[PDB]
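Each remark here refers to the structure printed beneath this line.
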Ligand code: NA
Ligand code: NA
Ligand code: NA
């Protein structure tokens, strides 16, 4: 038979600010990441997405490239600052790009998966308070409703948010991502307003009753292991698991924030944003969950401070991010969802991939054998989940091409396609050739 059914979606994924470029064209105004990347010290060597992969201009070549690989689905994000470059000011020229992009995908037999928000909040919105201002629920709802109305004939699979853990804790508490605040209370409120905005889009979506159309959300999830069997490390792992995973899984799928984290965070900051009405909106039924999976964490107790778990190095192989290559946690997380949160609901892997030190050799090829092996090991775990009864509908490799990796700039290469940024040349890596074979044979 086939390890992956004909209906299973082999995909690749990008995000608008990471690949598009054309940052000041056809009416687009600045996002918080345009601004953040221009603040000294925030992004590697002051890299920014002014040009990136120039995918805005090269999209026809990139779709042809995906068609020749046999790609069956393409996950991309839509740039809010192209669609509403000012508050309440719709930009048809911005919408026209996503119409010609998705028209090209459909005409080449690629199913579009559109992420509504992938971190490029318009600067006008942040200047009004951004995700800290509860009014953003209405601004986001107006944006999402415009996308549903204008693109409903083009796009049948919608993702409200990408990785709200990053938009909240990494952007407002740790401060690595835009807008770069460092305040736990702000990050917690932002996490709530993000989830409430997701809920508003779902409410609007259900009222539209679009034929054969599905909506979900994308979460980055890990698996946390205690470094030892001690009670100290067990509590440390519990907190780390609540911080990364349950803080978002529980309100979405149980209608309640995890109470151990509410009490834990409450010792350090306000948690008075929680109320029954908001959690009802947050926990509306979805059609699927998107899982972004990369690695696990091994943690031991720290200094009894705020979220101070010591990161243990188990001594295994890692990517250029320093992320352990541990494919078994892909299966473990999908199974955990099946047994604790999503049950029989369809799942997609909406991101999985790896950054390695890619070089174009004298033969003009990129022999990224570590990425070939990485993807092989993780797709084998996807196959094992399917054969054990898991409801996995597709798998999107991060990324189609090397791109702007946020605070790391262009220094981390995640693509199955190499980009020579000086010429914008695309070079298929060996991992892309391996993926092409996997799609064609559906065998691993
Ligand atoms: Na860009
Ligand atoms: Na810059
Ligand atoms: Na749901």
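What follows draws every value from the coordinates through simple rules; no lab data is involved. Cβ atoms come from the backbone with ideal geometry, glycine included; neighbour counts cover every protein chain shown.
Give me P(r) over region 283-329, computed from all C-alpha to C-alpha distances, binned every 10 Å, as integer percentages.
Values per bin, smallest distances first: 21, 35, 27, 17, 0.
Any chance you could check the Cα centroid distance between region 163-218 and region 346-401 for me, in angstrom?
Spelled out, the Cα-based centre of one part sits 26 Å from the other.
Please compute the Kirkwood hydrodynamic radius over region 11-156, one decimal place, Å, based on all pairs of different Cα atoms.
15.7
Dividing the convex hull volume of the Cα atoms of region 340-380 by its residue count, what figure in Å³ per residue is obtained?
Hull volume over Cα atoms, normalised by residue count, gives 103 Å³.
Taking Rh as the Kirkwood radius, which is the inverse of the mean 1/r over Cα pairs, what is the Rg/Rh value for region 232-340?
Result: Rg/Rh = 1.00.
Using the per-residue mean of other Cβ atoms lying within 10 Å as a proxy for protection, in what order, highest first, do the peptides 46-52, 145-151 fall?
Sorting 46-52, 145-151 by mean packing, highest first, produces 46-52, 145-151.
When 1/r is averaged over all different Cα pairs and the result inverted, which Kirkwood radius in Å belongs to region 310-352?
About 12.4 Å for region 310-352.
Nearest 5 percent is fine: what portion of the DSSP beta bridges confined to the chain is antiparallel?
Taking every DSSP beta bridge with both residues in the chain, the antiparallel ones total about 20 percent.
Once you have the Cα-Cα distance between residue 443 and residue 323, take 0.36 nm times their residue separation minus that, and quote the gain in nm to one decimal.
Extending this stretch completely gives an extra 40.5 nm.
Calculate, in nm to one decimal, what residue 424 and residue 340 gain on full extension: separation in residues at 0.36 nm each, minus their alpha carbon distance.
25.8 nm is the gain from fully extending residue 424 to residue 340.
Work out how much length residue 363 to residue 182 would gain on full extension: take 0.36 nm times their residue separation and subtract the Cα-Cα distance, in nm to one decimal.
Here the segment from residue 363 to residue 182 would lengthen by 60.5 nm.
Measuring from label point to label point, each 7 Å out along Cα→Cβ, what is the residue 134 to residue 235 span in nm?
A separation of 3.4 nm, rounded to one decimal place.
Looking at region 291-404 only, what percent of DSSP beta bridges run antiparallel? Nearest 5 please.
35
With the contact rule set at Cα under 8 Å and sequence spacing of 6 or more, what percent relative contact order holds for the chain?
So the answer I get is 18 percent.
Dividing the alpha-carbon radius of gyration of region 45-102 by 2.2 N^0.38 Å (N being the number of residues), what value is obtained?
Normalised Rg, Cα atoms only: 1.34.
Could you give the spread of the C-alpha atoms of region 111-210 along their three principal axes, from largest to smallest, in whole angstroms?
41, 26, 21
What is the spread of the Cα atoms of region 158-218 along each of their three principal axes, largest first, in whole Å?
43, 16, 13
If the viscosity is 0.692 mPa s and the temperature 37 °C, what translational diffusion coefficient in µm²/s does Stokes-Einstein give for region 287-444 when Rh comes from Kirkwood over Cα pairs?
It diffuses with D of about 191 µm²/s by this estimate.
So, how do all the Cα-to-Cα distances of the chain break down into 20 Å bins, in percent, from 0 on up?
Bin by bin from 0 Å, the calculated values are 26, 62, 12, 0.
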